[PDB]
Structures are given as C-alpha cells and as structure tokens.
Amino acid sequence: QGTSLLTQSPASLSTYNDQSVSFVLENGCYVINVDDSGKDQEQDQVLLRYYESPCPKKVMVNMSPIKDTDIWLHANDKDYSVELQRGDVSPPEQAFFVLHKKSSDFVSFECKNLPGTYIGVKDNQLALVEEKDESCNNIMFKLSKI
C-alpha cells in the first residue's frame, strides 16, 4: 500500500443536543467543557486532521483546539478519560479516533485501541464510554463549518 494523504479542516464541534464543545484555560492549561450558555463558538473551533487507513476503509481523525493546535484530544486508558495532550510528549499516531458516521450528519469517535469505547458526554465533560452502556445520542457529535 502507498502512503495515505493527510487532510486538515477547521470545524465547530457540538453534541447531539446542540451543546458546544469548548476549551477554557483552567489553572494554566486548556480543559474541555461542554457548554450551553450560547457564547460565541468561533474561538472554540477545532482543527481536524484525518486520513484513510486500510482496514481488513477506516477514517482516522485527530482533533486540536484552534486556540492551541499543538495539543489534541487523547484517550487516556489509565484514567478512562478524555484529555488534551501536547506533541512534545504524546505520540501523534496514538491521537486519532476511528470515525463512525451516524444519521443526520452526526458522527462518533471510537478509540483506536479500545474497540467499542467512544468519546461520550458525562456531567458537562467529555468522557470515555461503552457504546452498549449508553444510548446512541450519548456518543453522537456534529461538526459544523464556521
């Protein structure tokens, strides 16, 4: 196989119930907040990095806040949490989720190494969740231009 092309696009990331996934400085470092206060979502866009990977076919997607494109969403298997990691420590290959397309332009993000474990929403935060242990909409997000 040849080397797959790599594409990047900005987008606004929101949940199924139309809550903003935003990024705020907390004690010096960015944390991920699920916000429903109606604030402007321009500064809280994400930079998507994605490519196709042959599957024995899969779309791998990496996500950075435009506020700091040197950090990205990462699945922490030792805490079962979603965190931001910087590229001077965390390897980039471990920073891509497997995209699953749902109905009505919604998508889900599956952990590459933890099959069946997805990005989900718990208590106005992003968490790792089991697909079977949740309703469909808990792991459903929407990427919107502008």
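From 1 onward, residues are counted along the sequence shown.
*Asks:* What number of deposited residues lacks coordinates in the span between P56 and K57: none, 1 to 3, 4 to 9, or 10 or more?
*Replies:* Going from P56 to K57, the model skips 10 or more residues of the deposited sequence.
*Asks:* Comparing 7-15 with 120-128, which has the greater mean CA B-factor as deposited?
*Replies:* Comparing averages over the C-alpha atoms only gives 120-128.
*Asks:* Averaged over C-alpha atoms, is the B-factor higher for 73-81 or for 42-50 in this PDB entry?
*Replies:* The entry gives the higher C-alpha B-factor average to 73-81.
*Asks:* Considering only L114, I66, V61, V107, which residue's Cα atom bears the greatest B-factor as recorded?
*Replies:* Most elevated C-alpha B-factor of the set, per the entry: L114.
*Asks:* Per the entry's values, where does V89 land by CA temperature factor relative to the rest of its chain, in the lowest, middle or highest third?
*Replies:* Its C-alpha B-factor belongs to the highest third of this chain's values.
*Asks:* Lowest, middle or highest third: where is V31 by C-alpha B factor in its chain?
*Replies:* Middle third, going by the recorded CA B-factors of the chain.
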